[PDB]
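Heads up: the structure comes next, in structure tokens.
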Amino acid sequence: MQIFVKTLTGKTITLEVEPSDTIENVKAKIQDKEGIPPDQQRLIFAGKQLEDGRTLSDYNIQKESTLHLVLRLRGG
Amino acid sequence: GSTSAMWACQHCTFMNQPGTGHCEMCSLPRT
Ligand SMILES: [Zn+2]
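Chains as they are written, first to last, in the working numbering: chain A, 21 to 96; chain B, 97 to 127.
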């Protein structure tokens with residue numbers, strides 16, 4: 021399946037993942053596409069924080085889903 | 097008696113905690 025990644029900057033990234041994969045794979049993908057660190061990458065899902073130790077289906081994510089990426093770094 | 101509650105972010109859509117004045121993800125202040 022494919023999942024959408026909406027960034028707070030105003031960008032949407034579409035990737036290819038599966039409901040059996042792991043959040044670690046989804047974050048690793050966005051990295052190969054954009055180049056954002058996994059440690060700083062914050063995957064949000066309708067009020068849920070995905071973890072590399074979990075699975076896409078673990079949270080109940082379907083095909084063509086839409087997540088929100090967030091960078092956790094110094095700023096203010 | 098009066099227990100707080102969580103709060104869904106209004107920018108990144110991250111579900112924050114009841115004691116999280118700001119978002120621990122986007123770092124933006126709640127409300
Ligand atoms: Zn947020």
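Cβ coordinates follow ideal geometry from the N, Cα and C atoms, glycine included.
Hey, does residue i have any beta-carbon neighbour from chain B nearer than 8 Å?
{"i": "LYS47 (chain A)", "result": "no"}
{"i": "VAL90 (chain A)", "result": "yes"}
{"i": "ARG62 (chain A)", "result": "yes"}
Can you look up residue i in the DSSP assignment and give me helix, strand or coil?
{"i": "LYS26 (chain A)", "result": "strand"}
{"i": "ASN80 (chain A)", "result": "coil"}
{"i": "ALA101 (chain B)", "result": "coil"}
{"i": "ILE56 (chain A)", "result": "coil"}
Just to confirm, does residue i get its C-beta within under 7 Å of one of the non-hydrogen atoms of ligand 1?
{"i": "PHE110 (chain B)", "result": "yes"}
{"i": "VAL25 (chain A)", "result": "no"}
{"i": "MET121 (chain B)", "result": "yes"}
Per DSSP, which one or two residues make a beta bridge with residue i?
{"i": "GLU71 (chain A)", "result": "Answer is none; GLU71 (chain A) lacks a bridge partner."}
Determine, for residue i, whether the minimum Cβ-Cβ distance to residues of chain A falls below 8 Å.
{"i": "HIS118 (chain B)", "result": "no"}
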